[PDB]
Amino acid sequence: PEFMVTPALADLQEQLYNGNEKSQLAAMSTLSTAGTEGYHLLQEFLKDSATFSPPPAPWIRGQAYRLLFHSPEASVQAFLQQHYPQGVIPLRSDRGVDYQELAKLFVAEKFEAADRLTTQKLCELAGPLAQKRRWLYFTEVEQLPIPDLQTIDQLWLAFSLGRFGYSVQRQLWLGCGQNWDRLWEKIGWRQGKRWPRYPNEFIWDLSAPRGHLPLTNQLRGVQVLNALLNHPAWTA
């Protein structure tokens, strides 16, 4: 047996486990409105789906975890504290960097704060001089560790229904003929003839265009973003 018991929610359960991404996301959304039993099914899904291979899209478990995280049920919060105290996305670093707070901002949909912390974490990785500076040289970007960048990107993907992350910007850029002007339009980084004013003119929720976040400051030219999108993390 793939999963345990549960009739109105029987097809939803099957869809959650065995559906395509669209079906799974619709199913878990509906299950979160089906009370104690609906949430119990989502708990079991987090346990059971860990065995799936090859790796599914990280926002399936990400969004399932978010729905549970937002549940009013004491038993659900106990389950999460016992088994997912630091969330559902593995936090990996080559430089002892802590991503726990970042993960917390993400599940809560605090995207502006998560974007601030993303930048701060890249500077942390590049060392004291970058950390003090608060921005990166492109040469420093080229040298960021793969595990750290993957952790950051996996978090962005997992908590944005796959809409946000450097890997998304990379694919959009490659699909835009590697043309930066086309990219800025595609991901919503133009306000007519100028850059959007930070932070107020960016869109800090999932209504934003795919690739809108995280931000990389274009006032200093494209070299840092170019280094990010060409980093070995995305073909490792």
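Don't overthink the numbering: it's just position in the shown sequence, from 1.
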{"item": "Missing residues, deposited sequence, between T6 and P7 (class: none, 1 to 3, 4 to 9, 10 or more)", "value": "1 to 3"}
{"item": "33 to 41 set against 59 to 67, stretch whose average Cα temperature factor tops the other in the entry", "value": "33 to 41"}
{"item": "Entry-level comparison of average CA B-factors, 144 to 152 and 120 to 128, reporting the higher stretch", "value": "120 to 128"}
{"item": "Highest recorded Cα temperature factor - choice among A74, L105, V88, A158", "value": "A74"}
{"item": "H83 - Cα temperature factor, lowest/middle/highest third of chain", "value": "middle"}
{"item": "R170 by Cα B-factor - lowest, middle or highest third of the modelled chain", "value": "lowest"}
{"item": "Relative C-alpha B-factor of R220, binned into the chain's lowest, middle or highest third", "value": "highest"}
{"item": "Third of the chain, ranked by Cα B-factor, where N20 sits", "value": "middle"}
{"item": "Chain third (lowest, middle, highest) by recorded CA B-factor, residue given as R182", "value": "middle"}
